[PDB]
Amino acid sequence: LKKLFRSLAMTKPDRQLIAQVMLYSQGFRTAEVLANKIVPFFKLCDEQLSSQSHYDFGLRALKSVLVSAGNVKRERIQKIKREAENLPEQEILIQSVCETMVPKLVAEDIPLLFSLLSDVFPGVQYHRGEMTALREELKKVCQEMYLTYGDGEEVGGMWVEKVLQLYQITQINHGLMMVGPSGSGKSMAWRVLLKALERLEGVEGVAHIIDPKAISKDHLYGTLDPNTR
Amino acid sequence: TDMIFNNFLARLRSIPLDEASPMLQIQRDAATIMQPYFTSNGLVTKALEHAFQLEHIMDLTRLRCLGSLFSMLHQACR
Amino acid sequence: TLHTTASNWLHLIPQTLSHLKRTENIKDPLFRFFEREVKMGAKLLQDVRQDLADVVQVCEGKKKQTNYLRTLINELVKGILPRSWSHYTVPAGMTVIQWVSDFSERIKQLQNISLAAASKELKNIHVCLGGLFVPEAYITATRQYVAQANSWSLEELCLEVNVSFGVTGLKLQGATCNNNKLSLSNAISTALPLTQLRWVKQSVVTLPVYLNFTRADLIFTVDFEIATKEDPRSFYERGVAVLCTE
Amino acid sequence: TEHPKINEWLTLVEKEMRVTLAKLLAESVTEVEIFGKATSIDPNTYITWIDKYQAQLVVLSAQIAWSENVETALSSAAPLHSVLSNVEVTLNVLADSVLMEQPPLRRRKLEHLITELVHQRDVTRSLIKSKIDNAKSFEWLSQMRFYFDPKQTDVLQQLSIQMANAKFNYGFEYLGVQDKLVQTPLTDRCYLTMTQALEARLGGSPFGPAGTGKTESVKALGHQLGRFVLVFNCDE
Ligand SMILES: Nc1ncnc2c1ncn2[C@@H]1O[C@H](COP(=O)(O)OP(=O)(O)OP(=O)(O)O)[C@@H](O)[C@H]1O
Ligand SMILES: Nc1ncnc2c1ncn2[C@@H]1O[C@H](COP(=O)(O)OP(=O)(O)O)[C@@H](O)[C@H]1O
Ligand SMILES: [Mg+2]
Ligand SMILES: [Mg+2]
């Protein structure tokens, strides 16, 4: 086969150029500065954060961050036009970076990430909240199925915060992994999220739970019969 | 662990074991008397914290220990 | 019995591995990198010492063999490096003796690091490069520390190397330097006594710095001045490079 | 209405969309030549043109206009500076239009145009930096240059896509809006290697670690040439 194909080694893409051109196309006055601050930031987080199996800071993560930054910039523009011109673009990128990276991080790496954010973007700050209706529906479902709800500093605060992060990931993402040790509230978290989303938006939620290691791969995807196709 | 304790106590106070009732009243009384040990640190959390450094045959998981405990307490109510 | 010889070598091994201090609230990138590296080194030391003590007890004493102990004993007798300890890069599968020597040297370096941190003073400590778990993280923390100390941009810093933090253990390959001027030599490798890493905002021969002789793990890139009669194309053809461990 | 067989009228639909895209591209590139003959351009008529034509047609018409203008300048450094200034003012009006609020489809078309025009601006800047006199220099032959011949008797063969020693015809497949890729120099090297392989009637096998740009660059080249690209996820 090797003589029938021409090989090209792709290992180093120009992340800086990709970020700069894509932010310029999305619409950002300080596009070059934002790219030159956001690509070395991912390079910094690649090493100075702790090493984990579920961590990733590659081109897919960078492009997800930039696309979400464009989306939240557009929705903030719509909100201001409801209530334009100069906008906090650095705050927009900070919001996108937090919304995409913070749920992935281990509890000992959140202060490190926020220190890196304060290092790269000095006037960065943060804004988390304004999910009152979903929080109330979550409290209703948690009280319904004998679960405890927390306000952020109460007993269930970390669990409810992780449920909200899961909701954000479902909103701005495509496929999900809930990584955690056995007994961390993953199943209850996504179950109450599905029920609360059903209660809010009216659309019924259906969940198919498949164990991929209890069946063979041929029973998981399918087979072609060798005799007849 | 106090979240799991609260879940066990709530599912004991409601949803009686038979698929108000005298059994439900017995469950409520048992939950009322077991609340001080489960809540805060108490006996159970200190016992778990000590039992984690005791050597076992299979690897010890707090949810396995608490599932055993909750089933035994349901048997006590029965 | 091979068990007696294995127990003798096993008792010989951990005399070069005794204890590491775990050393913790500072925003310096150098201290952050050093504390994560020392915590992973302490975890690795604890795992290795526990494994060695377990094999000592199971061989020269009374202890029932487990499956993990059987696998560990088989790997130790075979002389291949067990996969349970290879938590960093090793050159092309070194033997257990070489791995233990390198690990003991790294632990001595970490003990010196912990002593200096206890006494910040981490700016001027002369630190090697091959003995670090992640030298790339050390170079990145170097760049961040100089950028924070001088308060300019991190992305517009060039590297100038003069033979400013002290790096030791580097070795050239196929050339030697005479007062910051590279000269072609027929020697296999020439050591480097002292290297400082200055940072400036804005015929020079630029050379790679690989992790070991395998030339597979590039760490960073240095710049050097050429001799009067030598040629950069000659340097590139001869494949002169710098290694962090040789 | 005559009710032919389903495959028969589906084949008729396929041929009709191909010839429709060819005719639309011809009139579009006529409009672009009319627009870009002048130096300064009007944002209102530019936005009406954007809304008038489809996304792949506007991107490809901009590519044709830039390629023809830069080849005319190379045939003859003053005209090369003129075409660089034209590209720069097009970037300016595109940036103003994308800063203003637009409907989503027009916004996507503007984003694609901004990406392509940034790539053209970078190529023209490099071509200024090098001292290029004639159009046969490999420093210009390396880039993907587009040729439109209005005198061709066939509508489907009017456009010829060229690389360094490679002749291609546009497939004229309706692709939707897709997603233009930022023209990395790695992507340009990929385009050069893959077009060389296709001219040699071979395959193409980019390789490397995950999350580098292999599948997306193959798909982007396929969409640039206007082909139907199907990605198959192989397993045992
Ligand atoms: N908010 C909560 N309040 C009280 N108890 C809770 C709460 N969330 C979970 N639990 C308890 O935690 C137990 C652990 O089950 P859970 O479904 O959360 O595990 P998991 O994270 O999916 O684990 P596994 O990886 O083993 O599947 C549940 O049986 C439930 O009783
Ligand atoms: N030149 C480019 N411009 C914009 N985005 C790019 C470019 N190259 C790669 N990407 C993005 O990087 C990610 C890489 O994914 P992909 O290339 O599909 O993975 P792989 O090729 O390793 O299978 C994609 O989401 C793609 O959108
Ligand atoms: Mg579960
Ligand atoms: Mg792919």
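Residues numbered from 1 in each chain as written, not as in the entry; some residues may be left out. Chains lettered and ligands numbered in written order. Part of a larger assembly, values for the part shown. Heavy atoms only, no water. Residues with missing side-chain atoms left out of burial classes, pairs and counts.

In the PDB header, cryo-EM is given as the technique by which the entry was determined, and 3.1 Å as its resolution.

Of the regular secondary structure elements, chain B holds four helices and zero strands. Overall, chain B shows an N-to-C arrangement of helices and strands of α-α-α-α. Each of the three principal axes of chain B carries a C-alpha extent, and together these read 45 × 25 × 20 Å. Across the 78 residues in chain B, those meeting the buried criterion constitute 24%. When the accessible surface of chain B is split by element, carbon and sulfur atoms take 59% of a total near 5500 Å². (Helix = DSSP H or I, 4+ residues; strand = E, 2+ residues; numbered from the N terminus. Buried < 20%, exposed > 50% of the residue type's maximum accessible area, 1.4 Å probe, protein only. Areas by Shrake-Rupley, 256 points an atom, 1.4 Å probe, with all protein chains shown as cover.)

Of the residues lining the interface, 39 residues belong to chain D; the matching set on chain A comes to 27 residues. Contributing elements (two or more residues each) for the side of chain D that touches chain A: α4 (78-99), α5 (104-129), α7 (185-199), β4 (203-207) and α8 (214-224) of chain D. (Contact = heavy atoms within 4.5 Å.)

Across the contact, seven residues belong to chain A and 10 residues belong to chain B. For the pairing of chain A and chain B, the buried interface totals around 680 Å² over both sides, and the portion due to carbon and sulfur atoms is 65%. Taken as a group, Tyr-146, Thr-148 and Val-155 of chain A account for 70% of the area that chain A buries against chain B, more than any other trio of residues on that side. Our enumeration of links across chain A and chain B arrives at zero salt bridges. Our enumeration of links across chain A and chain B arrives at two residue pairs in polar contact. (Buried area = accessible area lost by both parts, 1.4 Å probe. Salt bridge = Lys/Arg side-chain N within 4 Å of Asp/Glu carboxyl O. Polar contact = N/O pair within 3.5 Å; in protein donor to acceptor, adjacent residues only side chain to side chain.)

Another point: the site of ligand 1. In the vicinity of ligand 1, 13 residues are found, and the nearest of them are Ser-182, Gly-185, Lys-186 and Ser-187 of chain A together with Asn-7 of chain B. The contact in question runs from a nitrogen atom of ligand 1 to an N or O atom on the backbone of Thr-148 of chain A, over 3.2 Å. Considering ligand 1 on its own, with 640 Å² of exposed area, one finds that the protein chains cover 73% of that surface. If you list the elements that add at least two residues to the shell around ligand 1, you get α8 (186-201) of chain A together with α1 (2-13) of chain B. Top contributing element to the shell around ligand 1 by residue count: α8 of chain A, with three residues. (Near = heavy atom within 4 Å.)

So, about the sheet that holds strand β2 (residues 159-163) of chain D. All names here are of chain D. Pairing is antiparallel across the open sheet formed by three strands, whose spatial order is β1-β2-β3. What marks the edges here is a single partner per strand, and that holds for β1 (145-148) and β3 (166-169). Between one strand axis and the next, the sheet turns through 25 degrees on average, direction left out of account. Two elements, β2 and β3, share four bridges in a ladder whose sense is antiparallel. Pairing of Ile-161 across the sheet is with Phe-168, part of β3. (Pairing = 2+ DSSP bridges. Axes fitted to C-alpha atoms, helices over the stretch in contact; angles between N-to-C directions.)

Okay, the sheet that holds strand β4 (residues 171-173) of chain C next. Sheets are built from strands paired through backbone hydrogen bonds, the pairs being either parallel or antiparallel. Residues and elements named next belong to chain C. Pairing is mixed across the open sheet formed by six strands, whose spatial order is β4-β10-β8-β9-β6-β5. Each of the sheet's edge strands pairs with one partner strand only, and the pair in question is β4 and β5 (175-177). Strand-to-strand twist of the sheet, defined as the mean angle between neighbouring strand axes without regard to direction, takes the value 45 degrees. Bridging between strand β8 (residues 204-210) and strand β10 (residues 241-243) involves two bridges; their strand directions are parallel. When the bridges of β10 are listed, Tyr-210 appears paired with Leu-243.

A word on the environment of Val-242 of chain C. Residues and elements named next belong to chain C. Relative to the helices and strands, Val-242 is located in strand β10. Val-242 sits 35 residues away from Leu-207 along the chain, and the two C-alpha atoms are 7.1 Å apart. Among residues more than four places away in sequence, those in contact with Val-242 are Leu-170, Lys-171, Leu-172, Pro-208, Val-209, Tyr-210 and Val-222.

In the vicinity of ligand 2 there are 15 residues, among which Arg-60 and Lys-63 of chain A together with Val-182, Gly-211 and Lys-214 of chain D approach most closely. Neighbouring residues of ligand 2 are distributed over chains A and D. Here a nitrogen atom of ligand 2 and a backbone polar atom of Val-182 of chain D are 2.6 Å apart. Taken together, the elements giving at least two residues each to the shell around ligand 2 come down to α3 (59-82) of chain A together with α8 of chain D. Here the residues of the shell around ligand 2 sort into five nonpolar, six polar and four charged. (Nonpolar A, V, L, I, M, F, W, Y, C, P; charged D, E, K, R; others polar.)

Here the focus is helix α7 (residues 157-172) of chain A. In this model α7 of chain A runs 23 Å from its N-terminal to its C-terminal C-alpha over 16 residues, within 8% of the 22 Å that 1.5 Å per residue would give. Along α7 of chain A, the positions that sit buried rather than exposed are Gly-157, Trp-159, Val-160, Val-163, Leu-164, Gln-165, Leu-166, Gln-168 and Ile-169 of chain A. The secondary structure elements touched by the buried residues of α7 of chain A are α4 (89-101), α6 (132-144) and α8 of chain A together with α1 of chain B. (Expected span 1.5 Å × (residues − 1).)

On to the state of the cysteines. Disulfide: a covalent bond formed between the sulfur atoms of two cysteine residues. In total, this model carries zero disulfides over all chains according to the counting rule given. Not part of a disulfide, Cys-98 of chain A finds its nearest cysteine sulfur in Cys-45 of chain A, a span of 10 Å. When its relative accessible area of 11% is taken as the criterion, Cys-98 of chain A is described as buried. Considering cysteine sulfurs only, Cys-234 of chain D is the nearest to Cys-190 of chain D, which forms no disulfide, with 18 Å between them. (Disulfide = S-S within 2.5 Å.)

The next thing to look at is the packing of helix α1 (residues 6-36) of chain D against helix α2 (residues 43-52) of chain D. Pairs of packed helices are described in terms of their axes, by the angle between the two and the distance that separates them. All names here are of chain D. It is the contact of α1 with α2, at a shortest axis distance of 12 Å, that shows an interaxial angle of 170 degrees. In terms of orientation, α1 and α2 fall into the roughly antiparallel class. Contact residues: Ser-28, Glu-31, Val-32 and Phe-35 in α1; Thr-45, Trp-49 and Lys-52 in α2. Of the residues belonging to the contact of α1 with α2, the class tally is three nonpolar, two polar and two charged. (Parallel < 35°, antiparallel > 145°, perpendicular 65-115°, else oblique.)

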